[PDB]
Every structure is written in C-alpha cells, then in structure tokens.
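You are given structure tokens for the same protein chain in two forms, set apart as structure 1 and structure 2.
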Structure 1
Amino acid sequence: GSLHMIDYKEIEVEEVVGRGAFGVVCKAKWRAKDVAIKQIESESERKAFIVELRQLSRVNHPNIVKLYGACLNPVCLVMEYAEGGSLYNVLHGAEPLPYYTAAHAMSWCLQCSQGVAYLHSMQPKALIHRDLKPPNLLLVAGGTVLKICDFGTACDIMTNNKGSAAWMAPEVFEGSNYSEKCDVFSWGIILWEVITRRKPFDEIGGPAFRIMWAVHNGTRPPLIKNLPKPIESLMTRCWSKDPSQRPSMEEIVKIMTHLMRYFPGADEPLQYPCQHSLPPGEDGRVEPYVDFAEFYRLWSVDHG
C-alpha cells in the first residue's frame, strides 16, 4: 500500500482514549482530520507493530480501520478515529449502557463478517485475523457502523494460542493445523454475545485454561430461547468442532445480507439509555436481550 511518513509537528494529541490489544491509543488531530495514534508502550510490542503496519497497508475496506500513515522516531501508527469506542464497551461497559435493537445485533455481525470476508479473500494468500472479539470491533456513526481493528495477531495462512479464550476456536489452542475457519468460530460466539448481551463463559471461572478445557470438551454457550431457527442453525454451524463443517465467511455474508430484510432500522443511532442491567435465570437456555417479534412478523409477510 501507501503510507505517509508523518512528523510529530503535524499531529496534535488531545487525550488518551485507552489501550488496545497492544500499545497506547491517543485521540489526535492531523491535517484537519481526527486520527487515532497508537504508540509503542514497551519494547516487546515491536513485533506486533511491524505486523499491523505490514497488514494494514494492504487492506482497504469500509468495515476495517483506515491506516493513514506511520512515524519513525519514535515508531507509531496513525489510523482513523473511531468515535463510538469499542463494541465491548457498548455491550458490557460502564453505565449508562446504550439501548440496542435486534437490527443492530445483526447489522454488527453482518459488518464483522463482511470485513473478515475481505481479509479471507486476500491474494495470493488469505489474511486471518486470529483475534476476532468484541474489544477488537469498534463502532462509528452513532454506533451503526462496525470496523475491525488490532491486526497485531493477523497473519498470512501454524502459531498456536492466538486470541482470547472465550472466542477462540478449539483447534487453535489444541495445537492443530488451523485455517481461516477459526475466525468463523469466533464470529459464531460474537453472534451469541450480541443477541444475549452476556459475556461468553462468564459462569466458567478463570483462568483461560478452564474455558479451554470446557470448549475443547464440546461446551458451547447456552441456547437462546425463542431464537429464530435460521439464525440458530447459522450460529451453531460456526461452533462446529470440525472446522470443515463450519460455513465460509463469504457464505455468512450472503446469509446475513438476506436476513437483514427482516431487520429494518439498523441505521438508527444508539441514543436511548438502558437500565435493564438484569441477568435472568439460567436453566439450560438463556433469554435474548434483543426482541425477535418484529422478525417473525416480517417473515410471515413473505412466507405464508
């Protein structure tokens, strides 16, 4: 790709917005444009920096963060500023939590799958994200647009134990020959998480090896009460122990694109508060946070 060798005299830092998977992300203003500058925090983060610079220059997609340029002394990346913060803060963050509809849960998953499909379509070698999880998915335009970030783990299609235990494919930690179908497993977990508004494997106590043993032995998140059968089949196909039994990310884009007919209003910004910070009863099945009543209504209009 093509990056700008920006000097520190051209970038104006406003505040520290937090730390991502690696480095320190700071709010900044460069050439009448709001940018995010990820700087080196420790000398150990130089491998992840070279990798993210190498991969981010190749990518160009609306559902993936835009890398404007990079600096040399000291080395830092200058990407676009994601106004709405991370999806993890929207779902499980500090109060007040924002209200979101079933259209938002599906739109975010569609945009995530669209982004991952562009990475998996890369030539001559596909680009696997390996760390697909809500802390790495940012929101912009009133929380209506999702953008995948943190490509420090990303690699060309291996190295085992990449990501966070709750959204990690079982073959990744098993020391098996994993493929781009490991991102598909993560997507299925993210789908469950945005529909229920629950952190996957919260009941299974830490450390990560406890979740790894559970997922490795077939344990998946609880089934969702009243979840539409088309969505339930897509979600549990992504959770398959066999990665070849999981659908391709391009098939997920086609399927989610088609379901969006029954999920209108995804372009409405998140502006209402949410005091329904209530974790209901666990009895093998969980209640969805979102409501599928409007889906069933629109589906009946087309299918008898």
Structure 2
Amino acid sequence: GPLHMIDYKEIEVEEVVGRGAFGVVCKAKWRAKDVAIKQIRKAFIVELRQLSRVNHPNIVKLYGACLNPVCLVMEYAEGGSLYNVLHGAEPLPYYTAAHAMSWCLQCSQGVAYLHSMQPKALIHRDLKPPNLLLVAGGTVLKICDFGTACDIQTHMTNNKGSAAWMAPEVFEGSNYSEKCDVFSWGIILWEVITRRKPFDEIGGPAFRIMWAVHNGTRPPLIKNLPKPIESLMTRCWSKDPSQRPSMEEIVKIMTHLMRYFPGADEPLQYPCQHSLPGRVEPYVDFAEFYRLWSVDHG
C-alpha cells in the first residue's frame, strides 16, 4: 500500500468538523484538492497500515500521512455524514427510495470488501450513519471510522455513542465475528427508509437501549415495505449471528433490487420539511417499486 509523505507546510487548515475521542478532524487544502485531516501515536500505526491496504470506491481514500505533527490525510467528503443528511440541522435535503437503497448497497459493497481481505478480514464493528460519508452530490457513499468514544460518561453511554446500531453479542461481551456488521447494516437500512433515529422511542442513556435489544427489542416494522426488503432487513436483526446473511449475499440481493429503484444518480438538490407521525410509516415512497415489479412479474 503506497502512500504520500506530506510536509505540514503544504496543508492549509480551513475549519474543524469533528472533535470527539482520539483526535480532531479538520477540513483543509493540499495540492489543490480539498482534504480531511485527523490529528493525533499508538493505534495510528495499525490504522495507517489498514487505511493504506484498502482500495475500494465505497471506502474513504488515504492520500497519505504527515509524521510531524502526526496526522492522517484523506479525501474530503463535501456531502458530510449520512447522519447529518438524515437528521442534521435544517433545511434537510429531500431523498428517494432509490437513494436510500443505493446508500445501503454502497455501504454493503464497502463492508463486503473489508470482510474479504486477506490474510485476516477487517471487521468494522462500528457501522452507523455518523461514520458514513457522502460525496458527488450525495449520490456516492464512503465508509470511514472516527471512533467516537472511550470514557463511559461523556461518550459510550450517551448520544455520541453507537448502541442503537450495535449487535447484541458485542455489548453482551460474548465473542463476535464479521456478522456484527450485518446487524448494524440492518439497522441502517431501517433508518434510511424511515428517517428515524433508531430507538429514539427508548432513549435515556445507552444501557436502556442495550437492555431492550438484549431482551429482543428491534425497530418497529414499516408499513407497506416490500416483503423482500423486509425479509433481508429482519434477517440481519437476528439474535443468533449464524442466521444473519453474509455481506456478500447482501450485495448480490441489493444489486439486483436496484432494477426496481431507478434514479439513484440524481444528486440531492430539493429541500424537505420533515415531520414524524405498532408499525411505522416510511419516509421514502415504494409506489414506483411495485409498479416496476408488476411489469417484470406480470
């Protein structure tokens, strides 16, 4: 994995866009290109090595590192976090079923890559919309890993944590595999389809959500959701990791559903005035899906 050595003189820092845990992410410029830089010593060696080994369109690009001061240099995500597109400050952008399905397809392709690496696979173990970034007018999605928490107080048991998207076996303290990322992906699918924060009904501190998920609570089912999308979604939620699909299988299934979801290449340009009403209604609209389905199967 080749990598550019960067003299800190060449960087011109523009703004700060994330301060949590083990560094401060910042917008900057470098040889024309807009870049994102994370300033910090220990695990940096492992991350820098991993972040150079990866080469996939749906995982964020590493241009290189500056060894003094010790910081990563990567492509800037103009579109920002998916979380911020979904639930950020107003005005939030309008999006479609096709966008929602494409973002989950793209995320799954990135994760399938991570799980297929050799000799050992990379397990992300922290997939959630804050670590999913958007580019190309919101059309393209790239996985990253900010790693938002460490201290139990002002991180892991709060809104800057990740218990809503976490697999039971991880927070349970049991052994886990790459199937933990499949659970997370299942939750993200529900999230983009509904534009609801998962387990916002429960809330409180994170241990309340962990308690509910450990007993078997899942996000509510979605009204009028196609059965194949509901099958794939609810399988990823499975308590037993053995019953969850592989990311390889998800990529195949999703790749073929996109036939019934044209228009994902349309960039995010229209505004939205979003307000929230057993089951729950989707934000996106599945009417054209059923229409195109009927034509193929009829």
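Here, rigid core means the biggest group of C-alpha atoms that superpose within 1.5 Å across both forms. All residue numbers here follow the sequence of structure 1, with the first residue given the number 1.
From 266, 255, 51, 270, residue displaced between the two structures - CA threshold 2 Å or more, rigid core: Result of the comparison: 51.
Rigid core superposition, residue 108 Cα moves 2 angstroms or more between the two structures: Residue 108: C-alpha displaced by less than 2 Å between the two structures.
Any chance the CA of residue 152 moves 2 angstroms or more between the two structures, core superposed? Passes the 2 Å threshold, so yes.
Any CA movement of 2 Å or more for residue 200 between the two structures, core superposed? Shift of 2 Å or more: no.
After superposing on the rigid core, what is the C-alpha displacement of residue 21 between the two structures, in Å? Looking at the C-alpha of residue 21 between the two structures, the offset is 6.3 Å.
How much does the C-alpha of residue 213 move between the two structures, in Å, given a rigid core overlay? Its C-alpha position differs by 0.5 Å.
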